[PDB]
Amino acid sequence: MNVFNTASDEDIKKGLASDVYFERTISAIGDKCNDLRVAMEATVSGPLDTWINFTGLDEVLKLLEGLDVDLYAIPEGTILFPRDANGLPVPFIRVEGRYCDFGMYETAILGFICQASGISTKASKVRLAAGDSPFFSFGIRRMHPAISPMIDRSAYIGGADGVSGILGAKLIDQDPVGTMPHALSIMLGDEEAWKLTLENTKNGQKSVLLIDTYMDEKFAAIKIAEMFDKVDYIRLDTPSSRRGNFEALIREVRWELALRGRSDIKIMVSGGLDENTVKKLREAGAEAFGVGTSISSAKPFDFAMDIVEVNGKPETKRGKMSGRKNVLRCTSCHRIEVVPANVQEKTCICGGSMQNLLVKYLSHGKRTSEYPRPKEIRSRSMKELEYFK
Amino acid sequence: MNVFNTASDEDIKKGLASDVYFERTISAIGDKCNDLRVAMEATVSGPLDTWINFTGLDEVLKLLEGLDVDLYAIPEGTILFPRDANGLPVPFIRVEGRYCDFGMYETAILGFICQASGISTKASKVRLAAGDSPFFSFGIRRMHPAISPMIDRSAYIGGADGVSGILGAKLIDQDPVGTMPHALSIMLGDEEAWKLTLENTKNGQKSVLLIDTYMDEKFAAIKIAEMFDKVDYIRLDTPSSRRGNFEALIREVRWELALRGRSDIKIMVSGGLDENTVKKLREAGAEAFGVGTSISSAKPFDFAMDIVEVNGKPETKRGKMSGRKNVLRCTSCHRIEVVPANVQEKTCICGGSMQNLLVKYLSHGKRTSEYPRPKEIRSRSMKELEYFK
Amino acid sequence: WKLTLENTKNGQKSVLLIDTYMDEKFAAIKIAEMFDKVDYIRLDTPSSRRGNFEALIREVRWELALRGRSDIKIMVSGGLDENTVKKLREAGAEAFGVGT
Amino acid sequence: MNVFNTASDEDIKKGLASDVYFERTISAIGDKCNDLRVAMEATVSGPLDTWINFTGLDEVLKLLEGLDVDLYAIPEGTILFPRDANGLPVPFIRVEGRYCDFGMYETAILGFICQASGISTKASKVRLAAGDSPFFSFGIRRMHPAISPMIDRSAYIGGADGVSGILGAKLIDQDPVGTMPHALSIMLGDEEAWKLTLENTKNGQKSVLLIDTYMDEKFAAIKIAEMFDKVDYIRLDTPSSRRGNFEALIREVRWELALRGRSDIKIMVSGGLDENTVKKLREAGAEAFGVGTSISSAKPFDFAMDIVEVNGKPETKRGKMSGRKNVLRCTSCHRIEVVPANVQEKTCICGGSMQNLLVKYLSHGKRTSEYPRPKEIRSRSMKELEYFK
Ligand SMILES: O=C(O)c1ccc[n+]([C@@H]2O[C@H](COP(=O)([O-])O)[C@@H](O)[C@H]2O)c1
Ligand SMILES: O=C(O)c1ccc[n+]([C@@H]2O[C@H](COP(=O)([O-])O)[C@@H](O)[C@H]2O)c1
Ligand SMILES: O=C(O)c1ccc[n+]([C@@H]2O[C@H](COP(=O)([O-])O)[C@@H](O)[C@H]2O)c1
Ligand SMILES: O=C(O)c1ccc[n+]([C@@H]2O[C@H](COP(=O)([O-])O)[C@@H](O)[C@H]2O)c1
């Protein structure tokens, strides 16, 4: 339909971004369509050995808005495990209405939550490792450009303090983050590149200088210390083959700077960073992190959507549990317990009462509240990430 | 800019889908821009323990067409390793021109080849395992819908005989593939669902019936054998928790059918399939495969783009090899050898002569040939996949 | 099933083997809404159908409670071990037939 | 019923050695009994990563003789894998008749083949490792005495040249094997014990002297060499805690004997022997082996018996393949292929023709041939063990 190999928002809204057997089956159903009301629930088949930071539901609402459907879901930014206290699959969203009215959208709805959720969950992990130190989403270049804005949104909501993509920055309503590339230094030499970068950085923003382009990080650090003065960060993006012991290198640089009484210069690292990498380099002395691929490429959660009830009667296939359900959670020990939809709360001297986490976002196609902006959502997940060490 | 969290083709064409430090650095360069001609080469830092089936270059050409740049690259569908006979990084594409003229596109260019390449490479692996048996791309639902068309294109070029997505089908100029979903059987019961599916399938296409919704695959298979007649395939999408030994189950079904002299009914499997899974189930008796997540979620190759020459002089950073280069390959023992761009061919009694694999696709922004359609490209990769067992 | 029930007397609990033809889940529903005095339901799931015996057992227990028949207890058997027993018990199995 | 916790032959013949639910179910069936003819086949669920040397069928015939049943089976001593060329379970015996007529015997029939088969299969393994060297079944003391005769029978049929048990010896029609115990040496001292043993050994039999009771095997070996003359074997049953390197010790002894030109004295080992142990000690110089626990305690094969057809119609449960079946094998490349009972032979240019391995041993309760004696059976398994390295 368009220039690149992508689906326009129109196309996806028309049911064009889907597996053909859906429209073909709806077509086969024909007249019976009018008489088939169902409730479908999305659950995680995917990785069960990890909690998840739910994200991407905003996209689902924009898609289903208008159809005569009811939509329940766990708010984005909520963190929990895929199975509850008793090993039951936790339903993340429930859709109700005439099957033929939205059935062709299964592909898109899953797509909206699988990939986004893996991203935000990976970012929350990095968030835990980075501690008080700032980290940024630097990985849109590893994924197809068309989805670069949602990648940065999920990395942000997941915990990133900032983002490098222009469009994602816009979406989360923050200024894009950026330092200087090796290119500048390869074209103009270090000195010229460093001077230019400093002359071009204004208040409100910190100075960052890339130093591993030509020299050894240690001598490049000395040269900068005794050449400039207003340099906030020094960034090391050490080539893989020079990374014998990145931690030892970072200690060496910090020592060499303090010796010259320039321990005011902070260190930022980037390049093939991970939560493990981040934790180690931080204990080594790195105070800022540029994290890309590990986050932008997070494996998606394997969400599945199934009809759990038909025309009021619980009905499913082998492997699924039938009936509409709610997701209750203790107001205290954040314990979960999936229950039949006719149960709204449950007591538990363990920690007060258990209240439903599901929330109605659409009623007959209409929104039931104003949707939170990214900042509000990541403010929620940071509070929720609290209960996870 | 648009409804969903995506970048429109306009946005990406405007340099909007990128890391801000690129435009910011180009901006800083200012007047010097006119005097900075560079050649940048994309190489695989990514997985080195595997060959790659290069895909996504078509998207790169549509992006760079118009800029006053020269573009060299390895044609899509070429299969090779990231390092050559002597462990040197193989350059997959080279761009030449004023740095400020395209420098902001680094993010998009990488995005176009990293993710697509992982997909097509994973599909070639499945292609090797499926043997003569047909397999289809069934995984767009795991990834964001906006990029569903490129996913199916790469799975196709990589070896898939067919694809389930509507838009991807259109792009590769083939009819979308589809069978029947559990939903149909959950709403109308098996019998009704099976009868409907058969009545709704026309010549040119084979009949496929999903059987694991309510019954045990074995008894559902008997019931179908002695109930219908014109049923080409039987599809098993056995729930994970019922998959004690999927291979043994498949043998059991095949035996039970032959006993009733209905070995004409073929078996198709789907659900969490892998190349290993595919190889085993095929040795077990499965004759068709629906492969999703393992392919749609393939890890991306970690491509990196660097300035390798400036205003005619070889120049790079630590970790990269400078100078423009060519990629020569033996016409026989498909051996590779990266060399300086002033070397077009090399002899080698090992197998004739070594000829350059790089091909000029853009000259001063103009195409230098008509771009191949998906069918032509996968016809190339199947020939190339020949030299790989 | 009818024969087994008619043939079981007081002092002893009723036990019905359910995995012979149907999927344990649907066989469990069918029994719940067909009988009433069935103490135990026994699953001797064939090895090749045992993808995740624990998950299957949870599925059955849920499907029964939904129909308010959580009074029906579950017994497992077939290639059981102390490890197997500990896991299936945490899964919801209340009786075990342990052989080999 | 008797002194010890055993089932008399009467008890087992009466259906007393069984799981109660069998008679209880037959009882429940009542009048329908007259109308329920079935065919049940025994298959190996058990270890599938190994071939099996089938044994114990003789016991099954003595149990079923008289009942109006037909019995097919693979002859004892046949060696093969549990699954055929295509991964299908191989049926080892088939019983046909009124279910109520023998159904209570399932427990006993399985018991007769599971444990015996593990024993004979383990012995064939030791047989392969022992090579040309003789080994004996020495393990009845680890198992309940009541079944000591069947243990030695299976170890013999499996490959043992001799057996230590009195009753088992009788059953295989051979003289029991025996050397001298530590007791004799603990009560009378070595010299007296050795002299007594020699004075008490007659022609036809070799002399064997236990030497590790008091001295170091090396010095005890010297002492014997220069004290006696007609000593055929020297037996080392070195205590576990003295077995630092049993192989090195054995080499040391052999050297010390040859030095004194007494390499005519052969060495026999015993104590915690295995096929691996046997292979190593044999390469070390041991020429005879006393093998116990590893054989007498062999894990049983997990045989299962199921109704595969009812009143002429193929019928089974999930997990089993229905219908009566035959087991065909190539007269050459000893390949197997289970097929429907209406197939007696199959061609295969691979190696002549495939002929049925199943053999009718009972017809209406009557034997259809004279049953082979143990010697004939192990003569068969040694020929069959040929095709296994
Ligand atoms: O400097 C920036 O603002 C910047 C923004 C986005 C990505 N990057 C670069 O891309 C690399 C990190 O991506 P990755 O996948 O190796 O983690 C690292 O070498 C950075 O120099 C750099
Ligand atoms: O039937 C189709 O045409 C079809 C097209 C695309 C995806 N699917 C389904 O999605 C599942 C396979 O995706 P996956 O990631 O588990 O490999 C499998 O259970 C199929 O039933 C099915
Ligand atoms: O139901 C009984 O009373 C019964 C008594 C003894 C043994 N069994 C069966 O034998 C199997 C268990 O033995 P095992 O070695 O697999 O643990 C299991 O499938 C049961 O159905 C069953
Ligand atoms: O000497 C015999 O005739 C003899 C007959 C049967 C068993 N044994 C002994 O029992 C031991 C071997 O049994 P095992 O289970 O350790 O292999 C070994 O120490 C022998 O001395 C010895």
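For neighbour counting, all protein chains shown are included, and Cβ atoms are generated from backbone atoms with ideal geometry for every residue, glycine included. Basis: the model, the stated rules and, where named, an outside source; none is laboratory data.
Worth pointing out:
- The condition of being aliphatic (A, V, I, L, M) and part of a strand (DSSP E or B) holds for B:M305.
- Residues (in contact (Cβ under 8 Å) with a residue 12 or more places away in the chain, away from chain B (no Cβ under 14 Å) and outside any strand (DSSP E or B)) located in segment A:249-276: A:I250, A:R251, A:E252, A:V253, A:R254, A:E256, A:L257, A:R260, A:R262, A:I265, A:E275, A:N276
- Condition check for B:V38: more than 8 Å from chain A (Cβ to nearest Cβ), among the hydrophobic types (A, V, I, L, M, F, W, C) and in contact (Cβ under 8 Å) with a residue 12 or more places away in the chain: no
- Test: residue in segment B:198-211 that is facing chain A (nearest Cβ under 9 Å) and of a type in the set (S, T, N, Q): yes
- If only residues of segment A:46-59 that are closer than 22 Å to C:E59 by Cβ and crowded, with 19+ Cβ neighbours inside 10 Å are counted, the one that is nearest to the chain's Cα centre (by Cα) is A:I52.
- Among the residues listed as B:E226, B:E217, B:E192, B:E199, the single one being acidic (D, E), touching a residue at least 12 places away in the same chain (Cβ under 8 Å) and surrounded by fewer than 18 Cβ atoms within 10 Å (Cβ to Cβ): B:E226
- Filtered residues of segment A:267-277 (kept if small (G, A, S) and buried (at least 18 other Cβ atoms within 10 Å of the Cβ)): A:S270, A:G271
- Segment D:317-335: number of residues that are in a strand (DSSP E or B) and in contact with a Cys (Cβ under 8 Å, 6 or more places away or on another chain): 1
- Residue match in segment B:230-244 (condition: free of Cβ contacts under 8 Å to residues at least 24 places away in the same chain and within 16 Å of ligand 3 (Cβ to nearest atom)): yes
- Filter result for the condition that a residue is hydroxyl-bearing (S, T, Y), over 14 Å from D:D237 (Cα atoms) and not assigned by CATH to the domain that holds D:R373, over D:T179, D:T201, D:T213: D:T201
- Among residues of segment C:80-99 being within 14 Å of chain D (Cβ to nearest Cβ) and in contact with a helix residue (DSSP H, G or I) (Cβ under 8 Å, 6 or more places away or on another chain), the one that is farthest from ligand 2 (Cβ to nearest atom) is C:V98.
- Exclusive hit being more than 18 Å from the chain's Cα centre (by Cα), at the interface with chain A (Cβ under 9 Å from one of its Cβ atoms), in a helix (DSSP H, G or I) and over 21 Å from B:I307 (Cα atoms), set B:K62, B:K32: B:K62
- From C:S77, C:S48, residue being without any contact (Cβ under 8 Å) to a residue 12 or more places away in the chain and within 14 Å of chain D (Cβ to nearest Cβ): C:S48
- For segment A:59-104, a residue qualifies if it is more than 18 Å from A:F22 (Cα to Cα) and basic (K, R), and the qualifying residues are A:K62, A:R83, A:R94.
- Lone qualifier among A:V126, A:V163 - being more than 30 Å from A:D35 (Cα to Cα), buried (at least 24 other Cβ atoms within 10 Å of the Cβ), within 15 Å of ligand 1 (Cβ to nearest atom) and within 12 Å of another protein chain (Cβ to nearest Cβ): A:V163
- Under the condition of being of a type in the set (A, V, I, L, M) and part of a helix (DSSP H, G or I), the residues counted in segment B:5-29 number 5.
- Close pairs from segment C:1-28: first more than 10 Å from every other protein chain (Cβ to nearest Cβ), partner of a type in the set (S, T, N, Q), Cβ under 7 Å, at least 6 apart: C:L5/C:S14; C:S14/C:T8; C:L16/C:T4
- Matching residues in segment A:283-306 - criterion: being touching an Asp or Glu at 6+ places or on another chain (Cβ under 7 Å), in contact (Cβ under 8 Å) with a residue 60 or more places away in the chain and more than 9 Å from ligand 1 (Cβ to nearest atom): A:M305, A:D306
- Subset of segment A:310-339 [farther than 19 Å from A:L80 by Cα and at the interface with another protein chain (Cβ under 10 Å from one of its Cβ atoms)]: A:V310, A:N311, A:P314, A:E315, A:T316, A:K317, A:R318, A:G319, A:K320, A:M321, A:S322, A:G323
- Filtered by the rule that a residue be more than 26 Å from A:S164 (Cα to Cα) and either in contact with a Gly (Cβ under 7 Å, 6 or more places away or on another chain) or within 14 Å of chain B (Cβ to nearest Cβ) (or both), segment A:234-248 gives a lone residue, A:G244.
- Residue ID - surrounded by the fewest Cβ atoms within 10 Å (Cβ to Cβ), chosen from residues in segment B:295-331 that are within 30 Å of B:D161 (Cβ to Cβ) and out of contact with any strand residue (DSSP E or B) (no Cβ under 9 Å at 6 or more places or on another chain): B:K299
- Residues (more than 16 Å from ligand 4 (Cβ to nearest atom), within 11 Å of another protein chain (Cβ to nearest Cβ) and not aliphatic (A, V, I, L, M)) located in segment D:280-308: D:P300, D:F301, D:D302, D:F303, D:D306
- Of the helices (runs of 4 or more DSSP H) contained entirely in segment D:91-181, those carrying at least 1 residues that are within 16 Å of ligand 3 (Cβ to nearest atom) and touching a residue at least 60 places away in the same chain (Cβ under 8 Å) fall at D:106-130.
- Residue check for B:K280: over 30 Å from B:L210 (Cβ atoms) and surrounded by fewer than 22 Cβ atoms within 10 Å (Cβ to Cβ): no
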